[PDB]
Amino acid sequence: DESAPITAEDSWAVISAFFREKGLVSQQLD
Amino acid sequence: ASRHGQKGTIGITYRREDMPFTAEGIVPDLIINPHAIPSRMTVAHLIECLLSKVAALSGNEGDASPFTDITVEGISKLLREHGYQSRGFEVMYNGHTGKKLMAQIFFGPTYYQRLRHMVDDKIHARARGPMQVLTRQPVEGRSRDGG
Amino acid sequence: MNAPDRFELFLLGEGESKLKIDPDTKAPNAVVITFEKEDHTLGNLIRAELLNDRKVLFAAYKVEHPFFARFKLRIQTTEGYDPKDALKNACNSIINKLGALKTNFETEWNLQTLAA
Amino acid sequence: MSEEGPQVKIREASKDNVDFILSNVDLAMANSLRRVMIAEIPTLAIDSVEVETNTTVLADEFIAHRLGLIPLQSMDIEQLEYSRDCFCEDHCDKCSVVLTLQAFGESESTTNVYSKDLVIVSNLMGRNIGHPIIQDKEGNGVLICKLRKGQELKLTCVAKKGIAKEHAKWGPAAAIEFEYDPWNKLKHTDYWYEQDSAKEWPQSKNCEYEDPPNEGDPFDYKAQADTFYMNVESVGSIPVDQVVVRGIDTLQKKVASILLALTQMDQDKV
Amino acid sequence: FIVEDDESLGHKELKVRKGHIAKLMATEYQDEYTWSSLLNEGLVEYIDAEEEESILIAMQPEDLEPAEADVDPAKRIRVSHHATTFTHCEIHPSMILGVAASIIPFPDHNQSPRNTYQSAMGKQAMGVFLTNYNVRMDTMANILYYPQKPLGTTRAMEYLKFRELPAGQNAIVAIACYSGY
Amino acid sequence: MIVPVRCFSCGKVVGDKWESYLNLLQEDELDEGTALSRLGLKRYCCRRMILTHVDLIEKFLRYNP
Amino acid sequence: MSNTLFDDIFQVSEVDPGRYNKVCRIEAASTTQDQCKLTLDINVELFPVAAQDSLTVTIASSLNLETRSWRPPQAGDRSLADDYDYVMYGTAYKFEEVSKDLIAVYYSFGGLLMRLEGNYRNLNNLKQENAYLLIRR
Amino acid sequence: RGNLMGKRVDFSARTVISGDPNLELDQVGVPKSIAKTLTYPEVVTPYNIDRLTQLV
Amino acid sequence: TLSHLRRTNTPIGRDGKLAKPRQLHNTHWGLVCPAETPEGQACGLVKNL
Amino acid sequence: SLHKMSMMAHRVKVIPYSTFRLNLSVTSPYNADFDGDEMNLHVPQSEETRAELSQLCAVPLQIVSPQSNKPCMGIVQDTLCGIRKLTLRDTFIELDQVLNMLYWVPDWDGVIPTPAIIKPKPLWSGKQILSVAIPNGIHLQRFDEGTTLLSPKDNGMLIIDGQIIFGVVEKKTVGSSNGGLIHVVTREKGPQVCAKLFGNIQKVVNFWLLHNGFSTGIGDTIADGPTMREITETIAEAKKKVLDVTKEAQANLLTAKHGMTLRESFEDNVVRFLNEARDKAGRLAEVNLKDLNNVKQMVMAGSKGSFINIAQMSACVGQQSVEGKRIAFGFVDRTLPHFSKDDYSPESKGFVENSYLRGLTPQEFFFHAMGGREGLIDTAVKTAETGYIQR
RNA sequence: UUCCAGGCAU
Ligand SMILES: [Mg+2]
Ligand SMILES: [Zn+2]
Ligand SMILES: [Zn+2]
C-alpha cells in the first residue's frame, strides 16, 4: 500500500533527504 | 568536560593499584565527585552513563536523541539482562586494602571531551623583567614575560 | 612540565635509606619508621601481619601525600620487647606465608590442563 | 594433607587466565599480591625509538608510543639487567634487546605493518626475550600502522627492563578479578535498593562456592575474610602463571629487603 | 508536513504516505526520488515566521490524530490531540535545536542553562576538524590521538558528520568520593 | 586513526583483533556485540574500545606523499 | 580502689529501630522500685533484643576486683569483670531531678545515650565520666 | 585609574588551582617551576651566611 | 566549524539593551536554537540557526 | 577581589606539578572552584613587608569575618558529606581502622581511647574518634527540633570538654555557621588552634570516607513506583483546580480583588495553584526517598542540593516564567503554532509537568528555555551593575 | 608597541 500513514521512525528518512539536497551550509551558499 | 556543561580539571593521577576496582576487574579512567550532580541537575549525564554502559555490553549505538521513547525503566531492564545492577551501580573494592566499599558507585562509561586550556600553557611566573617604555611598568602578557 | 620523574617512585635517590626510625615521643616504647620509595602495596601488609603479634600495642600507617612515594609506620609494644623485632618477625611471617603459598599455587598448576 | 597455610586450589585454567580460588590468608595479603602483579612485575618492551625515515600518516611519537605497548617476550627477563645497573655507557646486550622495522608501500593496496615484522638484531643471548608476543589468528599480531604507495618507515627500537610503575607498557598485568564473602556476611557493603535488596542486586557465580545466609542465625561479628576468587589474566609477555608466581615472588623479595635494611641498619654504629 | 484533510477515507492526514518513504529510501539505497520533489509534490512547505502565525501544527505526527482504546507508567506525560484544525506537522521536534545542542545526549533531561554551557565548550574542545590537517599550515590546531566515536548518540549527529569526526572518548566514569582530589 | 594498541582501562592486548572484527561482519555477517564476544573482549572496558574506534587512517592513507 | 555502683534486673517494655540499620533504643521497668525506669540504645547487631526480657544491668568505674591507653588482647588471662554479655562504656552528662527525689542521670557512650530513674543510686551513682555498662542473659 | 591606582608588578605568579585535602588551611602548594622563578632578596647575615652560601 | 558558519550577529543600542532583544521569543521556535547562545556579554544578541 | 579575604597569606609549600594546590576550606572565601580557575599570587620583598602579611593577612586570622561576625570558611563537600556519615549512632569502627585513623591526626596524644563497646568485639563510633580532633574545653549546646538532652533522632549537638556527647555532625555544626563548632574553637582557643582543626577533621573524615566510599546515580532520582503516580494525580487534580477557576472566570463570575484586573486577579490564582501543587509533589518524593538515597544524604549533610532539586528531578519540574508572567502570547493569542488561539490552560502558559527523570516535551522544553534565558540574561547584567555599585 | 575584533572564566 504505497499510501499508508507515516509512523515517527519514518520521518527521520525525510530529514535525510533534506541535507542530501540542501546541506548544512544551505544558507551561506544559495 | 562532558556534554552537560560538566567542567572540571584533573586533580591527581592514580594507577590501578590505588584505583577502585569492581570484581569484574574493570577500573575507572575517570572519577568524578558526586557533588556536581544535585545542584546542577544534569540527569542526562546519569542517563548517558547507563545508556552507554548498555550499548557497550551489547554494542548497539545507544540512542540519546532529543525527545523519544526511551526510559530509565527501559534501559535498567536491558542492563539487567546483562547481569549488572539495574541502575548501573556496582560493588567496588578500595584499591589500597582491597576491602570492599561500604558503598556502591555509579560506575559506567560516558563520553568526555578534552578542551584545550591545559595547565602547561598557563603556568606563568615573573620576578621582574621586561618593562614597558611609556610606563616603565612591567609589560602585559605571559607571552612576553609580562607581570 | 613539573612532572616528577616517573622512576622516582622506587629509586631511592642519593642518600635515602629505605627505613628511618624515629622514636615516638608522644607515647612509651613506640616508634615510627619512614619508608622511602614504597607504599600501600607494602605498607598495609606490614600493618596486617604486624597487627597479629599479641605483643604489639599499636600499629598503623599512612601515605603522607599521594605526590610522594612514602609512608610512616607507627609501632608500639609490650615493654622489654623492642618493636623493631616485631617488624622483623611480622615480615618473615609474610615471607614464610608467601613462600609456602608459592609452593601451593605451583602444586595446583603442574596438576592442570587446557588447550588455549 | 599438608602445607603451613595460604593454600590455593586453581579453579579453571588456560593459557590466558588462571581463574583460581586463593584461600585462608589476610585480605591485606591478597590485595598486596593483586597489586604487585599489576605494578612491579619485571617485563620488557621498547623504550627508545630511532626514526630514520617515515612517510606514514601517524607522525613519529604516535608510532613511537604504540611501539612501547607492543608486548614483547620476557620469559627469562630476570637475566637481562636494567640499563641503569649495567656498566655499559647507555645500553648493551647484557641489558637490552634491539629491534628493527622497515616498510614500503609496494602493494598498491594498503600495506600493513605488524608487530611480527620487528627484527631482533642484538644477540638474544640464547634466551626467551624480545619476541613480539603474537596471539593473532593468522600470526601477524598487533597492527602497528598502514601506508600507501611510496610511503616508507625505517625505525630501530631498544627494549629495556621496566615495571608497571615506570609506565603501563611494562604491565605484564592486564586486569585481575577480585571478590570475597559473596553473600556479604561480614557486611562490608550496604547494598542500595529500591525494594528487595536481593532482587535488584544480581547474585554472583562465586556464591555456589560458599554457604548461603540462613536467616535465624544472628550476626557473626567475629567474621573475618579468607577465600578470594581472583582471575589473573595476562597479555602474553609472561605465562599467566608467572604473572602470579613472580607476583608471589617480587612481593616476597621486597618484604625481605625490609629485613635486609634492618640488618645493614644495625651493623651501623661506630 | 502538509496535513490537509484530503482524505475521503478518514479525516486529516500528512499529505505523504509510507509509499513516498520507501520511494525515497529507494534512493537512500542506490544513492531518484529527491527532496526537491517532496516540495513540488505539494507534500511539504517552507513556512516563514509571519505565515506561521496562521496555522496549527501537531507535534508528533501520528499520536496527535487518531481516536482511542492506561498510558505508559515509565514514559513522560504529553498534551493531547486538541482540535483537527491541524494544517501542518513537525518533521521532528529535535529540529528546533542547532549544531551545538544536537550533540547533547538527552537535552530534554537537564536544567535549561546546563545545555547552554555545552553549547559553548563543544566549541572549546579538541578533535579532527578536517582529515586534511596533514596538508594544513594553519597556525595552531589540535587533534586527538585516538578519537573515539560516542556510545550515546543522536540521529542529529548522523548529519552533523560526527561519528566520523568525533570530539572525545568514551571513558569509564566512576562517580564517587575517593582521595578527595 | 588506527587501532588503539591495547585498551586504556585494563590494557589487555587489542591492536591485532581489529582486522578480525571488521571481518566478523562484512563476511561472517555477525552483529557488533557478538563479534566482540567472539574476539574475547568480555567486560566493556576493552569492548567500548573497538566498538568506538574510528579507523580514520584509511581516509588519511587516501591522500598522497 | 574498685567497686560496683549499681545492680538490678529489668524487663524490656519494647525495642525501637528508628531508621537505624544496626542499633536500637529500648526501655524497661525495674523488678524492684517501680519508679526505676530505664532507657538505653543498643547495638542490636552484637546483642539482639526482643520485647520483654530480664537483663541484669550493672554499672561501676573499674577493672575486676583488683584512665590511660586501652590494651588490646592480652587480657585473655587477665581479670575479667566481664561476667556478662554487653559491655559498653561512655560518659554521664546530666544529673536531673525529676521532682520529689526521683532523680534520673544520663549516660552517653561516645554515641549511644542512656537514662535512669529512682533515688537509691545516692552514695553509689558518681557524676564521673567513667562508668562501664553491663548486660547479661 | 590604570597606572597608579593599579599596576602590573614583579614577583607575581598565576596558574590553575586544584584543591588538596592534605595541606594545612594556611598552606599553598607551589609548583617547583615558580619556586625557581620567583626570588626574594635576603640579606647576608652571619645567621644564614652558611645556608645562603650553599644556596648560591 | 559548523556552528560558527550558521551564526547570527545583531547590533544593539550603545549599551546593554536589557529587555526585548536578548530574550528568547516564541517566533524563535524552530528557527533559532533555544539553548545555544554565548554566555554573558552579548548573551542572546548573537544566535545560532 | 571584592572581599578583604579575597587575598590572604599562605605558607609556601613547594610541590611538584604545575598547579596551585590550596587547602579546601579556604575555597569559599576566594570564591574558588576548579573547573579551569586560575589564581594570582604575589611575593613579599622586605623583612617588614612579609611581616605585614604573616601578622595580618594569614588565613588563620581571616577565619572569622567581621562583615558578618561569623566565620567565613569551614568544612565543605567531601569532608562535610562524610563528617555526617561518620557521626551517626548507627556507625561503628573496629580496632584495625580506628588505629589508622588515630595516627592520621598529627597531634594525637598517642593514647587510644576506650572503645564504647568492649562487649563481644571492641568497637568505636564515628563521634567517638572524630572527637579526637576536637580539642579541650570546647563546649557546644544545640537543640534542633525534637532535641531533648537524650535527643532521639540525634537532633541536637552536645560536645563537652571537646568530646562529641551526642547528635549528628554536619553543616550546622562544622559549617561556617554562627554558634558553629568552628566559630567557637577559634574564639575559645586561638586563630591557630582552629586553623589546624580543619586539618585534623579534614584528614580523618576524609580518610574514613576514602574507604566508606560514596556516590550518586539516576537510581537516586527515581521515587517509589506508586508515590510517583500519587503525584501524577496531585498534578491532574490541580489542572482541574484550574480548569474550574478558568470557566468560573470565563463566565464573568469572580471578584476583582481590590487593585487587580479581572485578568490579574485571575492569573494570580492560576499560578499559586500550580506551584502550590508542584511543591508537595516534591515533598511527596522527598520523605519518600529512604535515608540510603544519595542525593538526599548530601542534602542532609548540607553539602549540595536542596528540597527543590530532588523535586525537579524525581517529581515535577515547574511552571516557567518570564517577568513573573508565565510564557505570553507573542504568537497572537497562543504560545506556539502548536496551540489553538486564546489558550490559557497551564499546558500552554509554560508548566512543566514531567520531571528531569522523565523528560520535557518539545513545548515543555522550549518554554523552559525562554525561562532559563532570563537567568542568563540579567546574570550578565546584575553582575555588571554590581561590579560597579561595588567600586 | 598601536588600533579594531573575537574568545575564556560552570
Ligand atoms: Mg570555574
Ligand atoms: Zn648494559
Ligand atoms: Zn579493557
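Residues numbered from 1 in each chain as written, not as in the entry; some residues may be left out. Chains lettered and ligands numbered in written order. Part of a larger assembly, values for the part shown. Heavy atoms only, no water.

Structure determination for this entry, per the PDB record, employed X-ray crystallography and reached 3.9 Å resolution.

The record lists the entry's title as "8-oxoguanine containing RNA polymerase II elongation complex E". According to the UniProt record, the Subcellular location comment for chain F is "Nucleus, Nucleolus". (UniProt positions renumbered as here; feature names shortened; annotations may be inferred.)

Peer 1: In this structure, what is going on with the interface of chain E and chain B? I would like to understand it.
Peer 2: Much of the literature gives interface size as the accessible area that the parts lose upon coming together. With 54 residues of chain E at the contact, the number on the chain B side is 61 residues. Approximately 5,200 Å² of surface area, both sides summed, lies buried where chain E meets chain B, with 60% of it carried by carbon and sulfur atoms. On the chain E side of the interface with chain B, the three residues burying the most area are E:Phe106, E:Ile175 and E:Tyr178, jointly 16% of the side's total. Seen at the junction of chain E and chain B, the total is two salt bridges. Note that E:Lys75 and B:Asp69 form a salt bridge whose closest N and O atoms lie 3.5 Å from each other. (Contact = heavy atoms within 4.5 Å. Buried area = accessible area lost by both parts, 1.4 Å probe. Salt bridge = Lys/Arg side-chain N within 4 Å of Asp/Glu carboxyl O.)

Peer 1: Looking at this model, I keep getting lost on the packing of aromatic side chains. Mind explaining?
Peer 2: Geometrically, a pair of aromatic rings is defined through the distance of the ring centres and the angle of the planes. Tallied over the entire structure, the rule returns 37 aromatic pairs over all chains. Summarising the aromatic geometry, the rings of F:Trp18 and F:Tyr21 are spaced 6.1 Å apart at their centres and angled 35° between planes, so their arrangement reads as tilted. Highlighted residues: F:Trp18 and F:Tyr21, both in helix α1 (residues 17–26), separated by three residues, approximately one helical turn. The structure contains a cluster of three or more aromatic residues connected by ring pairs, namely B:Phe21, B:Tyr93, D:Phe178, D:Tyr180 and D:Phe228. Lying across the ring of E:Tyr33, E:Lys23 places its NZ or CZ 5.8 Å from the centre. One residue, J:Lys241, lies across the ring of J:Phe273, its end atom 4.3 Å from the ring centre. (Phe/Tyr/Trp six-rings, centres within 6.5 Å; stacked < 30°, edge-to-face > 60°. Helix = DSSP H or I, 4+ residues; strand = E, 2+ residues; numbered from the N terminus. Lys NZ or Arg CZ within 6 Å of the ring centre and 35° of its normal.)

Peer 1: Just checking my understanding: could you explain the UniProt feature "binding site: Zn(2+)" in chain F for this structure?
Peer 2: UniProt annotation of "binding site: Zn(2+)" refers to F:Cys7, F:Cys10, F:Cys45 and F:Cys46 when read in the numbering used here. Despite a sequence span of 40 residues, these residues sit close together in the fold, their greatest C-alpha distance being 7.3 Å. Lining the second largest cavity, from the residues just named, are F:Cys10. With respect to the helices, strands and loops of the structure, F:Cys7 is situated in the segment before α1. A residue is classified by how much of its surface remains accessible, and F:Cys7, at 6% relative accessible area, is buried. Those residues in contact with F:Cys7 that lie beyond four places of it in its chain are F:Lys12, F:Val14, F:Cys45, F:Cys46, F:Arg48 and F:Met49. Once residues within four sequence positions are removed from consideration, F:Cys45 is found in contact with B:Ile26, E:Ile172, F:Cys7, F:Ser9 and F:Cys10. (1 Å grid on protein atoms, 1.4 Å probe; cavity = no way out; pocket = protein on both sides within 12 Å on 5 of 7 lines; lining within 4 Å. Buried < 20%, exposed > 50% of the residue type's maximum accessible area, 1.4 Å probe, protein only.)

Peer 1: Could you clarify how one ought to interpret the coordination of the magnesium ion (ligand 1) in this entry?
Peer 2: Expected angles at a metal are 109.5 degrees for tetrahedral coordination by four donors and either 90 or 180 degrees for octahedral coordination by six donors. Residues and elements named next belong to chain J. The coordination sphere of the magnesium ion (ligand 1), as far as protein atoms go, consists of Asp 33 (OD), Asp 35 (OD), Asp 35 (OD), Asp 37 (OD) and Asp 37 (OD), spread over 2.3 to 2.7 Å. We note that the donor set of the magnesium ion (ligand 1) lies within a single chain, spaced as D-x1-D-x1-D. Accessibility expressed as a relative area gives 34% for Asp 33, which makes it partly exposed. (Donors = N, O, S within 2.8 Å, 3.2 Å for Na, K, Ca; no water.)

Peer 1: Any chance you could explain the interface of chain C and chain J here in plain terms?
Peer 2: Taken together, the contact pairs 18 residues of chain C with 17 residues of chain J. Between chain C and chain J lies a buried interface of about 1,600 Å² when both sides are counted; carbon and sulfur atoms form 62% of it. Contact with chain J buries area across many residues of chain C, yet C:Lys26, C:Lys62 and C:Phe67 alone supply 34% of it, more than any other trio. On inspection of chain C and its partner chain J, the count reaches zero salt bridges. Scanning the region where chain C abuts chain J turns up six residue pairs in polar contact. (Polar contact = N/O pair within 3.5 Å; in protein donor to acceptor, adjacent residues only side chain to side chain.)

Peer 1: Just to check I follow, could you spell out the coordination of the zinc ion (ligand 2) for this structure?
Peer 2: All names here are of chain D. Only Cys 86 (SG), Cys 88 (SG), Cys 92 (SG) and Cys 95 (SG) from the protein coordinate the zinc ion (ligand 2), and they sit 2.3 to 2.6 Å from it. For the zinc ion (ligand 2), the four donor atoms in the first shell make angles of 86 to 153° at the metal, a pattern classed as irregular. Between the donor residues of the zinc ion (ligand 2), the gaps in sequence give the motif C-x1-C-x3-C-x2-C. Both residues of the pair, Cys 92 and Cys 95, belong to the buried class. (Tetrahedral: all angles 85-135°; square planar, octahedral: opposite > 155°, others 65-115°.)

Peer 1: Would you mind going over the protein's contact with RNA strand K with me for this structure?
Peer 2: Taken together, B:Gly5, B:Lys7, B:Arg40, B:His117, B:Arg144, E:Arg114, E:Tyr117, E:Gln124, I:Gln41, J:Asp33, J:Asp35 and J:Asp37 make up all the residues around RNA strand K. Each atom of RNA strand K within 4 Å of the protein belongs either to a base or to sugar and phosphate, the latter forming 81%. One of the backbone nitrogen or oxygen atoms of B:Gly5 is found 3.0 Å away from a base oxygen of RNA strand K. J:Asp33 is positioned such that a nitrogen or oxygen atom in its side chain is 2.4 Å from a phosphate oxygen of RNA strand K. (Near = heavy atom within 4 Å.)

Peer 1: Looking at this structure, I do not really get the packing of helix α2 (residues 83–110) of chain C against helix α4 (residues 242–267) of chain D. What am I missing?
Peer 2: A packed helix pair is summarised by two numbers, namely the angle formed by the two axes and the spacing between the axes. Their axes nearest at 9 Å, the elements α2(C) and α4(D) cross at an angle of 155°. Regarding the angle of α2(C) to α4(D), the classification is roughly antiparallel. The handedness of the crossing between α2(C) and α4(D) comes out as left-handed. Across the contact of α2(C) with α4(D), the residue classes break down as 16 nonpolar, three polar and six charged. (Axes fitted to C-alpha atoms, helices over the stretch in contact; angles between N-to-C directions. Parallel < 35°, antiparallel > 145°, perpendicular 65-115°, else oblique. Left-handed = near helix turned anticlockwise from the far one by under 90°. Nonpolar A, V, L, I, M, F, W, Y, C, P; charged D, E, K, R; others polar.)

Peer 1: What should I look at first to understand empty space enclosed by the protein in this one?
Peer 2: Any empty space left between the atoms is revealed when a probe the size of a water molecule rolls over them. In this structure, the largest cavity spans a volume of roughly 190 Å³. Lining the largest cavity are 17 residues, and of these G:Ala28, G:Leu38, G:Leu40, G:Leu55 and G:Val57 lie nearest its centre. Elements represented by at least two residues in the lining of the largest cavity include exactly β1 (6–16), β2 (25–30), β3 (38–40) and β4 (54–60) of chain G. The calculated volume of the second largest cavity comes to roughly 130 Å³. In this structure, the second largest cavity is lined by 13 residues; those nearest its centre are B:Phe21, B:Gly25, D:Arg34, D:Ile38 and D:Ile176. Looking at side-chain class alone, the lining of the second largest cavity contains eight nonpolar, two polar and three charged residues. (Points joined across faces, edges and corners; volume = space filled by probe spheres on them.)

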